[PDB]
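One chain comes next, on its own, written as structure tokens: the form deposited in one PDB entry.
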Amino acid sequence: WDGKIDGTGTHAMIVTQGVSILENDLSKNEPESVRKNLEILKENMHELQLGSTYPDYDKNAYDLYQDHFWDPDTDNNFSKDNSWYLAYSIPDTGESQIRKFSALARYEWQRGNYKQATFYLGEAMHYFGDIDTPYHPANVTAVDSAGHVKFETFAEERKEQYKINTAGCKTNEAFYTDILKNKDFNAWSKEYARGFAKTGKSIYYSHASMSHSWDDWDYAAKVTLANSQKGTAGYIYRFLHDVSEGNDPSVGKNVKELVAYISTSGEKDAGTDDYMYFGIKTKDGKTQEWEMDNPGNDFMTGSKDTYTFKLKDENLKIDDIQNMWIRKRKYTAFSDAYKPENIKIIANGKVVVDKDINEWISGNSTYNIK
């Protein structure tokens, strides 16, 4: 979807309606906590809107051209066994970004940081809207500097006509009730989002592609924006319940993957061009290292980088992981010290490590974070 850096545009509309939807569908016997947390979200509407649009303008990433179009099965494929050379981190997908930002949002809300939490939530919804955008050609045709395409700008000038204010039922009915059943947030999200994304892919072939008429486009925008709004409301509903009832999705399950959200200091020369690795050591002495690499320029000054690591051993619990570290290895003979500001590690939907560092890492050395 289209959006603007000031928090306006299609993305912001979706997220704004996501709240109205909840405002009207929330049944009477819903817990006060859910109801009062919704009020806190509404009071931070602007932040929700800024988060909803920010990913298309984020300048603290990898200095690459934005493109938010993936095949709906990408995440599922990357999850299968064998289908990936484990020494390499897994690429970021909209599907995985929903989970990352949702985890960051929950962690922040529980520590009282509502503004930061809302922003992160908005970012999670931005990616859900994307996978719900019916645009799936092999070759993309960008029309602006933010990587948007013509279908999105077409929907943008007509966004107001596509609004909805109800999911179709009350939160005490099937749609909302089914959302709370799966205590495994990450598992639920995967199956929940694919549905919207596949329907979106189908709509692309039958209505939204460039060969279809304007009426087909208007209809495509109508049905996919309704799905996006509804789907978004469902996410926000799940979020409110998760943060209200102190719900933990990682409850006693295996850790097949770890996610690193690294904040590099804004101080001059803090970023590095040297090789960077992440590693872990179990209670039984087994170790595994991964190279943190993405298509763009990694670890830039003041950047916020993301790396997904798939484990060899799929039968380890979070507690079995004793140590965690990052390691630098010289690319050239010239100095290129690295200064990370903060490092968060996520496992099964929960922020298990939140560490401020603000220390220089030089030469070929290892910095332990746990």
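Between two forms, the rigid core is defined as the largest C-alpha subset superposing within 1.5 Å. Residue numbers run from 1 along the displayed sequence.
Checked against the record, the higher mean CA B factor of 298 to 306 and 333 to 341 lies with 333 to 341. Of the two stretches examined, 59 to 67 and 37 to 45, the record assigns the greater average C-alpha temperature factor to 59 to 67. Taking the PDB entry at face value, the top CA B factor among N227, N113, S211, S202 belongs to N113. The maximum CA B-factor among the listed residues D130, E173, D216, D92, taken from the PDB record, is found at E173. In the PDB entry, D75 places in the middle third of its chain by CA B-factor. Remark: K281 belongs to the middle third of its chain, ranked by C-alpha B-factor as recorded. When the modelled residues of the chain are ordered by their C-alpha B factor, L180 lands in the middle third. Among the modelled residues of its chain, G266 has a C-alpha B-factor that falls in the highest third according to the deposited record. Per the PDB record, residue ranking by Cα B-factor puts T141 in the lowest third of the chain.
Below: the form deposited in another entry, not depicted.
In a core superposition between the shown form and the other one, the Cα of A146 is the only one among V255, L104, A270, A146 shifting by 2 Å or more.
The Cα position of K310 differs by less than 2 Å between the shown form and the other one after fitting on the rigid core. In this overlay on the rigid core, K159 has a C-alpha that sits less than 2 Å away from its partner position between the shown form and the other one. The rigid-core alignment places the CA of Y54 less than 2 Å apart between the shown form and the other one.
The pair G147 and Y127 is looser in that other deposited form: their Cα-Cα distance rises by no less than 3 Å compared with this form. In comparison with the shown form, the Cα-Cα distance of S145 and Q116 increases by at least 3 angstroms in that other deposited form.
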